[PDB]
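S.K.: Sharing start_34.cif below, mmCIF, C-alpha atoms:
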data_data
#
loop_
_atom_site.label_atom_id
_atom_site.label_comp_id
_atom_site.auth_asym_id
_atom_site.auth_seq_id
_atom_site.Cartn_x
_atom_site.Cartn_y
_atom_site.Cartn_z
CA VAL T 593 19.24 28.08 27.78
CA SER T 594 16.26 27.75 25.47
CA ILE T 595 17.88 29.83 22.74
CA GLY T 596 20.92 27.59 22.96
CA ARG T 597 18.74 24.52 22.53
CA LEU T 598 16.74 26.04 19.68
CA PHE T 599 19.86 27.18 17.87
CA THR T 600 21.36 23.71 18.08
CA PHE T 601 18.14 22.27 16.70
CA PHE T 602 17.84 24.75 13.85
CA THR T 603 21.47 24.13 12.95
CA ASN T 604 21.21 20.32 13.05
CA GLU T 605 22.14 18.66 9.78
CA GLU T 606 19.28 18.42 7.29
CA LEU T 607 18.60 15.97 4.47
CA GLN T 608 20.32 16.95 1.23
CA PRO T 609 17.58 17.68 -1.34
CA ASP T 610 19.56 16.48 -4.36
CA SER T 611 20.10 12.91 -3.13
CA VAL T 612 17.43 11.77 -5.62
CA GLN T 613 15.66 13.40 -8.56
CA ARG T 614 12.01 12.77 -7.74
CA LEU T 615 10.71 15.12 -10.45
CA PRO T 616 10.67 12.91 -13.57
CA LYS T 617 7.66 11.00 -14.86
CA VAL T 618 7.56 8.67 -17.87
CA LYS T 619 4.73 8.41 -20.40
CA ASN T 620 5.14 4.70 -21.04
CA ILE T 621 3.07 1.75 -19.88
CA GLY T 622 5.75 -0.50 -18.41
CA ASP T 623 8.88 0.45 -20.30
CA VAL T 624 11.13 2.60 -18.11
CA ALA T 625 13.44 2.06 -15.17
CA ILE T 626 12.19 3.83 -12.04
CA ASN T 627 15.59 4.01 -10.34
CA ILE T 628 18.72 5.12 -12.19
CA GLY T 629 22.30 4.93 -10.95
CA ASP T 630 25.75 3.71 -11.96
CA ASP T 631 27.75 3.32 -8.72
CA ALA T 632 25.33 5.06 -6.40
CA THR T 633 26.55 5.29 -2.82
CA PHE T 634 24.61 6.57 0.18
CA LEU T 635 25.55 7.25 3.79
CA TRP T 636 23.57 7.83 6.98
CA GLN T 637 25.81 10.58 8.43
CA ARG T 638 28.06 13.18 6.87
CA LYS T 639 30.12 13.05 10.05
CA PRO T 640 32.99 10.55 9.75
CA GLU T 641 33.07 6.96 11.04
CA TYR T 642 30.09 5.88 8.94
CA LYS T 643 28.42 3.00 10.78
CA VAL T 644 26.13 2.35 7.78
CA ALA T 645 26.40 2.97 4.05
CA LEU T 646 25.37 1.77 0.61
CA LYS T 647 28.14 1.23 -1.94
CA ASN T 648 28.22 1.00 -5.74
CA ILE T 649 24.53 0.21 -6.18
CA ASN T 650 23.03 0.11 -9.67
CA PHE T 651 19.56 -1.11 -8.71
CA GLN T 652 16.91 -0.89 -11.42
CA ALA T 653 13.21 -1.56 -11.02
CA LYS T 654 10.88 -0.95 -13.94
CA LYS T 655 7.58 0.84 -14.36
CA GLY T 656 4.61 -1.37 -13.63
CA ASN T 657 6.70 -4.32 -12.43
CA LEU T 658 7.14 -5.66 -8.92
CA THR T 659 10.77 -5.88 -7.84
CA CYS T 660 12.29 -7.08 -4.60
CA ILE T 661 15.48 -6.60 -2.60
CA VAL T 662 17.02 -9.65 -0.93
CA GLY T 663 19.20 -9.51 2.15
CA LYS T 664 19.27 -10.29 5.86
CA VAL T 665 18.87 -7.62 8.53
CA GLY T 666 21.68 -5.12 8.11
CA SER T 667 22.53 -6.10 4.54
CA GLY T 668 21.28 -2.68 3.44
CA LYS T 669 17.76 -3.42 2.26
CA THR T 670 16.11 -0.83 4.50
CA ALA T 671 18.84 1.63 3.55
CA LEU T 672 18.21 1.13 -0.17
CA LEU T 673 14.45 1.40 0.29
CA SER T 674 14.66 4.64 2.26
CA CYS T 675 17.30 6.13 -0.05
CA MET T 676 14.87 5.57 -2.90
CA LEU T 677 12.71 8.11 -1.04
CA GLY T 678 15.53 10.61 -0.47
CA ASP T 679 16.31 9.87 3.19
CA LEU T 680 20.05 9.17 2.82
CA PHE T 681 23.01 11.31 1.80
CA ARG T 682 24.17 10.48 -1.73
CA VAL T 683 27.96 10.50 -1.38
CA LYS T 684 28.75 9.15 -4.85
CA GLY T 685 26.78 8.06 -7.89
CA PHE T 686 23.40 9.04 -9.29
CA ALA T 687 19.83 8.37 -8.23
CA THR T 688 16.32 9.23 -9.36
CA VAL T 689 12.72 8.23 -8.74
CA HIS T 690 10.01 8.80 -11.33
CA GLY T 691 6.43 9.87 -10.76
CA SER T 692 4.58 10.22 -7.50
CA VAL T 693 5.83 7.99 -4.71
CA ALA T 694 4.49 6.19 -1.66
CA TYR T 695 6.08 4.11 1.04
CA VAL T 696 5.33 1.72 3.86
CA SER T 697 7.95 1.34 6.56
CA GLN T 698 8.84 -1.77 8.52
CA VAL T 699 6.90 -0.43 11.50
CA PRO T 700 3.36 0.66 10.53
CA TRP T 701 3.02 4.38 11.13
CA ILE T 702 -0.52 5.19 12.23
CA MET T 703 -1.86 8.63 13.14
CA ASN T 704 -4.39 9.38 15.85
CA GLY T 705 -7.69 9.85 14.08
CA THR T 706 -10.18 7.90 12.02
CA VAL T 707 -9.09 4.75 10.20
CA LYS T 708 -10.64 6.42 7.17
CA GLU T 709 -8.34 9.35 7.94
CA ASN T 710 -5.27 7.14 8.32
CA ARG G 770 -2.88 5.61 -6.15
CA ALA G 771 0.72 6.73 -6.56
CA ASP G 772 3.22 6.18 -9.39
CA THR G 773 5.69 4.17 -7.30
CA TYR G 774 5.25 2.14 -4.12
CA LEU G 775 8.19 1.21 -1.88
CA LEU G 776 7.36 -1.28 0.86
CA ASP G 777 9.76 -2.30 3.63
CA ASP G 778 8.38 -5.83 3.91
CA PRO G 779 5.09 -5.43 5.80
CA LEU G 780 4.16 -8.91 4.54
CA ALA G 781 6.57 -10.57 6.98
CA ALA G 782 4.49 -9.05 9.79
CA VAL G 783 1.09 -10.08 8.42
CA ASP G 784 -0.22 -13.64 8.41
CA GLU G 785 0.72 -15.86 5.49
CA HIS G 786 -2.80 -16.26 4.08
CA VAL G 787 -3.27 -12.50 4.07
CA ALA G 788 0.20 -12.15 2.54
CA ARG G 789 -0.81 -14.40 -0.35
CA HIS G 790 -4.13 -12.60 -0.73
CA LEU G 791 -2.37 -9.24 -0.94
CA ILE G 792 0.36 -10.45 -3.30
CA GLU G 793 -2.40 -11.72 -5.57
CA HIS G 794 -5.05 -9.00 -5.41
CA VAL G 795 -3.20 -5.73 -4.67
CA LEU G 796 0.55 -5.83 -5.27
CA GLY G 797 0.84 -8.52 -7.94
CA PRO G 798 0.91 -8.03 -11.70
CA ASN G 799 -2.80 -8.89 -11.77
CA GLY G 800 -3.54 -6.75 -8.71
CA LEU G 801 -5.42 -3.47 -8.44
CA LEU G 802 -2.07 -1.63 -8.44
CA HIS G 803 -0.87 -3.42 -11.58
CA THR G 804 0.03 -0.38 -13.68
CA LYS G 805 2.20 1.12 -10.92
CA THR G 806 5.83 0.40 -10.10
CA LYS G 807 6.20 -1.67 -6.94
CA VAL G 808 9.34 -2.43 -4.97
CA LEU G 809 9.69 -4.38 -1.76
CA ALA G 810 12.34 -5.61 0.65
CA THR G 811 10.68 -8.83 1.77
CA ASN G 812 12.46 -12.18 1.62
CA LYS G 813 9.25 -14.24 1.55
CA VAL G 814 9.33 -17.11 -0.93
CA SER G 815 5.84 -16.44 -2.29
CA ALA G 816 6.52 -12.75 -2.89
CA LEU G 817 9.91 -13.47 -4.46
CA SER G 818 8.15 -15.88 -6.81
CA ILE G 819 5.65 -13.13 -7.61
CA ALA G 820 8.56 -10.79 -8.37
CA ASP G 821 9.26 -9.48 -11.86
CA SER G 822 12.87 -8.63 -10.96
CA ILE G 823 15.08 -9.25 -7.95
CA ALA G 824 18.27 -7.89 -6.40
CA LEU G 825 20.56 -9.38 -3.75
CA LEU G 826 22.04 -7.06 -1.13
CA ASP G 827 25.34 -7.74 0.64
CA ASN G 828 26.47 -5.37 3.41
CA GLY G 829 25.62 -2.23 1.48
CA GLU G 830 26.54 -3.46 -2.01
CA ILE G 831 24.67 -5.50 -4.60
CA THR G 832 25.65 -9.02 -5.64
CA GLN G 833 23.02 -10.06 -8.20
CA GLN G 834 20.15 -8.69 -10.25
CA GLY G 835 17.70 -10.05 -12.78
CA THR G 836 14.38 -11.78 -13.21
CA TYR G 837 13.13 -14.76 -11.24
CA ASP G 838 14.20 -16.96 -14.15
CA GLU G 839 17.80 -15.73 -13.84
CA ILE G 840 17.58 -16.20 -10.07
CA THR G 841 16.48 -19.81 -10.55
CA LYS G 842 19.17 -20.41 -13.18
CA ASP G 843 21.90 -19.15 -10.84
CA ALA G 844 20.53 -20.77 -7.65
CA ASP G 845 23.28 -18.83 -5.86
CA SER G 846 21.16 -17.70 -2.91
CA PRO G 847 18.12 -18.96 -0.95
CA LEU G 848 15.87 -17.07 -3.40
CA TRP G 849 16.37 -20.11 -5.64
CA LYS G 850 18.18 -22.58 -3.35
CA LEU G 851 15.30 -22.67 -0.84
CA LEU G 852 12.85 -23.58 -3.62
#
What does the file become when written as structure tokens?
M.R.:
Amino acid sequence: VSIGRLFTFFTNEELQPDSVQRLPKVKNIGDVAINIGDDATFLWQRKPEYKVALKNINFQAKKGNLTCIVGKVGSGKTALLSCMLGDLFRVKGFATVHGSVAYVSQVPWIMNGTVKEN
Amino acid sequence: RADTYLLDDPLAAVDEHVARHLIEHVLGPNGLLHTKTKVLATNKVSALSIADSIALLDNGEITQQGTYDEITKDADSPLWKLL
């Protein structure tokens, strides 16, 4: 029974590494787009009947500038944010993120330990 | 001290005074993270005013993009219609 469970787990569908190109970094002060994409599209499952997706996005924030995404719950704002980190399956388009990244989710993730440690 | 920060709207959870203090001192163009790319998904009026660019999301697609000046010129969504 346990081998069956473990095999199902090990075979569960992973995140596709090439959804976003995190490698690049730009040696300019504030003069480069951080995201790049023409008609980028992302999906939450590779299994059919996609309950959630992003379609034909060409979002473009710039180095050193604050940018915001506007939309009510379910409009795709969380999806776009998380796809910027590589957490969604790029079905069509292109995507990239430059330099080192960081992220804060809607729900604050906190780890048992010192506040200095968190 | 990273090269890009992506925030899923923690400001809407924090109090408004603290939200303003953060948007001024940490996340804003004059903040301690000035030189680093920042992106957010908040719909708060103060933050959207602080924005250097904005994008409007519609059921998985995008409907608008540009600076706060373009947002105000269009006035097509609450980002400019609410203020």
S.K.: Around (30.5, 13.6, 1.0), as given in the file, which residues come within 9 Å? Count only C-alpha atoms and list them as a ChimeraX atom specification.
M.R.: /T:635,638,681-684
S.K.: Within 10 Å of residue G:825, counting only C-alpha atoms, which residues qualify if same-chain residues fewer than 3 places away don't, as a PyMOL selection string?
M.R.: (chain T and resi 651+660-664+667-669) or (chain G and resi 830-835+840+846+848)
S.K.: Identify all residues satisfying the PyMOL selection byres ((chain T) within 6 of (chain G)) in the given file; provide them as an mmCIF file with C-alpha atoms, keeping the file's coordinate frame.
M.R.:
data_model
loop_
_atom_site.group_PDB
_atom_site.id
_atom_site.type_symbol
_atom_site.label_atom_id
_atom_site.label_comp_id
_atom_site.auth_asym_id
_atom_site.auth_seq_id
_atom_site.Cartn_x
_atom_site.Cartn_y
_atom_site.Cartn_z
ATOM 1 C CA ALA T 645 26.400 2.970 4.050
ATOM 2 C CA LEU T 646 25.370 1.770 0.610
ATOM 3 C CA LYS T 647 28.140 1.230 -1.940
ATOM 4 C CA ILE T 649 24.530 0.210 -6.180
ATOM 5 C CA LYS T 655 7.580 0.840 -14.360
ATOM 6 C CA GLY T 656 4.610 -1.370 -13.630
ATOM 7 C CA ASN T 657 6.700 -4.320 -12.430
ATOM 8 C CA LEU T 658 7.140 -5.660 -8.920
ATOM 9 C CA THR T 659 10.770 -5.880 -7.840
ATOM 10 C CA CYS T 660 12.290 -7.080 -4.600
ATOM 11 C CA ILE T 661 15.480 -6.600 -2.600
ATOM 12 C CA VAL T 662 17.020 -9.650 -0.930
ATOM 13 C CA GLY T 663 19.200 -9.510 2.150
ATOM 14 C CA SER T 667 22.530 -6.100 4.540
ATOM 15 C CA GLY T 668 21.280 -2.680 3.440
ATOM 16 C CA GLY T 691 6.430 9.870 -10.760
ATOM 17 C CA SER T 692 4.580 10.220 -7.500
ATOM 18 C CA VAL T 693 5.830 7.990 -4.710
ATOM 19 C CA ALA T 694 4.490 6.190 -1.660
ATOM 20 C CA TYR T 695 6.080 4.110 1.040
ATOM 21 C CA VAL T 696 5.330 1.720 3.860
ATOM 22 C CA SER T 697 7.950 1.340 6.560
ATOM 23 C CA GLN T 698 8.840 -1.770 8.520
#
S.K.: Evaluating the PyMOL selection byres ((chain T and resi 679) around 9) on the displayed file yields which residues, as a PyMOL selection string?
M.R.: chain T and resi 607-608+611+636+671+674-678+680-681
S.K.: Next, write the just-selected residues to a file, as a PDB file, keeping the file's coordinate frame, keeping C-alpha atoms as the atom set.
M.R.:
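Saved as part31.pdb:
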ATOM      1  CA  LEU T 607      18.600  15.970   4.470  1.00  0.00           C
ATOM      2  CA  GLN T 608      20.320  16.950   1.230  1.00  0.00           C
ATOM      3  CA  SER T 611      20.100  12.910  -3.130  1.00  0.00           C
ATOM      4  CA  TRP T 636      23.570   7.830   6.980  1.00  0.00           C
ATOM      5  CA  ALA T 671      18.840   1.630   3.550  1.00  0.00           C
ATOM      6  CA  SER T 674      14.660   4.640   2.260  1.00  0.00           C
ATOM      7  CA  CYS T 675      17.300   6.130  -0.050  1.00  0.00           C
ATOM      8  CA  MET T 676      14.870   5.570  -2.900  1.00  0.00           C
ATOM      9  CA  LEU T 677      12.710   8.110  -1.040  1.00  0.00           C
ATOM     10  CA  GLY T 678      15.530  10.610  -0.470  1.00  0.00           C
ATOM     11  CA  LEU T 680      20.050   9.170   2.820  1.00  0.00           C
ATOM     12  CA  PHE T 681      23.010  11.310   1.800  1.00  0.00           C
TER      13      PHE T 681
END
S.K.: Distance atom CA of residue T:614-atom CA of residue T:631, one decimal place?
M.R.: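 The value is 18.4 Å.
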S.K.: To one decimal in Å, tell me the separation between atom CA of residue T:616 and atom CA of residue T:689.
M.R.: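 Calculated distance between atom CA of residue T:616 and atom CA of residue T:689 is 7.0 Å.
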S.K.: How many Å lie between atom CA of residue T:633 and atom CA of residue T:686, rounded to one decimal?
M.R.: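 One can read the atom CA of residue T:633 to atom CA of residue T:686 distance as 8.1 Å.
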S.K.: When distances are computed from only C-alpha atoms, which of T:706, T:637, T:627, T:688 shows the smallest separation from residue T:604?
M.R.: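 Result for the nearest residue to residue T:604: T:637.
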S.K.: Out of T:628, T:618, T:612, T:699, which residue has the shortest atom-to-atom distance to residue T:652 when counting only C-alpha atoms?
M.R.: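 Distance minimum relative to residue T:652 lands on T:628.
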